[PDB]
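Asks: From first to last, the protein sequence lines stand for chains B and A. Residue numbering for the first sequence is 57 to 188, 193 to 209, as defined by the entry's author numbering. Residue numbering for the second sequence is 57 to 188, 193 to 209, as defined by the entry's author numbering. Every residue, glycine too, gets a C-beta built ideally from N, C-alpha and C. One structure follows; several queries about it will come next.
Number of protein chains: 2
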Amino acid sequence: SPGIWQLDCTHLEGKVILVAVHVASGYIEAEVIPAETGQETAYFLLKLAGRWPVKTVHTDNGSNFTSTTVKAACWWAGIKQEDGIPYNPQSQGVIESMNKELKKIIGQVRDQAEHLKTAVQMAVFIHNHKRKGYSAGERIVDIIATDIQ
Amino acid sequence: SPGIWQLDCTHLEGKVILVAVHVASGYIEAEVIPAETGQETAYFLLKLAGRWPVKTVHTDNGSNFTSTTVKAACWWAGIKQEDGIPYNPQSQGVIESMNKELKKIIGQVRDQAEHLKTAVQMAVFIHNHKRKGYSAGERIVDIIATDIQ
Ligand SMILES: CC[C@H](C)NC(=O)c1ccccc1C[N@@H+](C)Cc1ccc2c(c1C(=O)O)OCO2
Ligand SMILES: CC[C@H](C)NC(=O)c1ccccc1C[N@@H+](C)Cc1ccc2c(c1C(=O)O)OCO2
Ligand SMILES: [Cl-]
């Protein structure tokens, strides 16, 4: 549970926003890329896994699941790559609602930066610090610390 | 001290590696940029502060300390920007030895990627997971959890 992340890819302004969600906490990391390739996905996972103890990633589609670049990066970083199949049918909705919520925050901050990437990082900040009582950022830290002990 | 970070800029292959160190733990985040500008520094701090509860940043030089772009991002993210003067002189040496250690890891992984940025993320991963007994990644999480509770 403390090690499980879901990949999610969403679109805005003709660009792609790649998101990793820590499932148990709702904490997120995100980046803007011109399009989702195996190489961009591989690099984003490498970044993520040097920052958090990533044990399992539920990939966002079959092309990243198949990608030899993604597989090489998951091997390198000690990540088990799984499918993102929502056997739990409530997962489709949780991700859709997160995408909708992130896009709302981005629109709330959009005018405070020229570049999309900046507004996306502002939205990451607001999402992770929002108390819901603990924030997503407090929850992930608590979950992993508990796991270390 | 759970909220205290130090900025550090080092050079390799004609590029710049911008590093943020969590002082209490030795945990690091890093990125490759073509050169250290206020805008790059401001963006890197915004990413960092959305991911960890950053209270104070000891800036790496006076140009970033002075930079209106850096000050606007520190304001935006709730960060107190401080100077990075080693009033405690053991601070210069710890940073130097960190840059030397990072560069050694980068050369050990260097052949495992074409792009410098990839090797830097590999080095961040190895640095943060090296158990020294806990890793830097375990120490940062323990420090911050204790602070929430
Ligand atoms: C040179 C003029 C710039 C483009 N300013 C604006 O247009 C502008 C427009 C509105 C509000 C603020 C700004 C100020 N801005 C610098 C915030 C910023 C900092 C760092 C970054 C950014 C950006 C960004 O704007 O996206 O992008 C990646 O690193
Ligand atoms: C996990 C690394 C694996 C074990 N190494 C190799 O397969 C390897 C080794 C040497 C040369 C090329 C490669 C292949 N290459 C595509 C790696 C890679 C992935 C993602 C990226 C990259 C790069 C990069 O090469 O820099 O740049 C930004 O996003
Ligand atoms: Cl800003």
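1) Indicate whether B:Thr-125 and B:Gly-94 have their beta-carbon atoms separated by less than 8 Å.
2) Below 7 Å, is the gap between the Cβ of A:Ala-128 and the nearest heavy atom of ligand 3?
3) For ligand 3, any of its heavy atoms closer than 7 Å to the Cβ of A:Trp-132?
4) Any C-beta of chain A within less than 7 Å: which residues of the region 96–108 of chain B qualify?
5) Can a CB atom of chain B be found closer than 8 Å to the CB of A:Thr-112?
6) Expressed to the nearest angstrom, what Euclidean distance is found between the alpha-carbon atoms of A:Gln-209 and A:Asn-117?
7) Output the boundary residues of the alpha helix (DSSP H) element that contains A:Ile-60.
8) Taking three-plus beta-carbon pairs below 8 Å as touching, is the region 140–154 of chain A in contact with the region 193–202 of chain B?
9) Can you tell me whether A:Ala-129 is buried or exposed, with buried defined as 16 or more other CB within 10 angstroms of its CB?
10) Strictly below 8 Å CB to CB, what residues from chain B border A:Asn-184?
11) Is the beta carbon of B:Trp-61 less than 8 Å from the beta carbon of B:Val-72?
12) State buried or exposed for A:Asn-144, treating a residue as buried only when at least 16 other CB atoms are found within 10 Å of its CB.
13) Using a Cβ-Cβ cut-off of less than 8 Å, list which residues of the region 74–86 of chain B approach chain A; keep chain order.
14) Tell me whether A:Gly-106 is buried or exposed, calling it buried when 16 or more other Cβ atoms sit within 10 Å of its Cβ.
15) Can you grab the Cα-Cα spacing for the pair B:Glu-85 / A:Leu-102, in whole Å?
16) Does the distance between the C-beta of B:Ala-169 and the nearest non-hydrogen atom of ligand 3 fall short of 7 Å?
17) With DSSP as the reference, please indicate the residues paired to A:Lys-111 in a beta bridge.
18) Any idea what DSSP makes of residue 192 of chain A, helix, strand or coil?
19) Taking CB distances under 8 Å as the criterion, tell me whether A:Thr-66 reaches chain B.
20) Is the separation between the beta-carbon of A:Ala-175 and that of A:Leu-158 shorter than 8 Å?
21) What's the call for A:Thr-206, buried or exposed, on a 16-neighbour Cβ count within 10 Å?
22) Tell me the rounded alpha-carbon separation between A:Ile-162 and B:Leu-104.
23) Can you pull the chain B neighbours of A:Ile-204, defined as C-beta to C-beta under 7 Å?
24) Could you tell me whether the Cβ atoms of A:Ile-135 and A:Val-165 are closer together than 8 Å?
25) Is residue 192 of chain A helix, strand or coil when you go by DSSP?
26) Going along chain A in order, which residues have a C-beta closer than 7 Å to the C-beta of B:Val-180?
27) Can you list the residues of chain B that A:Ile-208 reaches, using a CB-CB cut of under 7 Å?
Replies: The structure says:
1) yes
2) Checking every heavy atom of ligand 3 against the Cβ of A:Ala-128, one is found closer than 7 Å.
3) At least one heavy atom of ligand 3 falls within 7 Å of the beta-carbon of A:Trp-132.
4) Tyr-99, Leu-102, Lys-103, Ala-105, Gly-106, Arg-107
5) no
6) 34 Å
7) It is not in any alpha helix (DSSP H) - A:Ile-60 instead sits in the beta strand (DSSP E) that spans 60–68.
8) no
9) buried
10) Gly-106, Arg-107
11) no
12) With fewer than 16 neighbouring CB atoms inside 10 Å of its own CB, A:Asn-144 falls in the exposed class.
13) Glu-85
14) buried
15) 12 Å
16) yes
17) Answer is none; A:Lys-111 lacks a bridge partner.
18) Structure remark: chain A lacks residues between 188 and 193, so residue 192 of chain A is without coordinates.
19) So no, A:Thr-66 is outside the interface.
20) no
21) exposed
22) 18 Å
23) Here the neighbours are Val-201.
24) no
25) Residue 192 of chain A falls within a stretch that is absent from the model, since chain A runs 188 to 193 with no residues between.
26) The contacting residues are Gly-106.
27) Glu-198, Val-201, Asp-202
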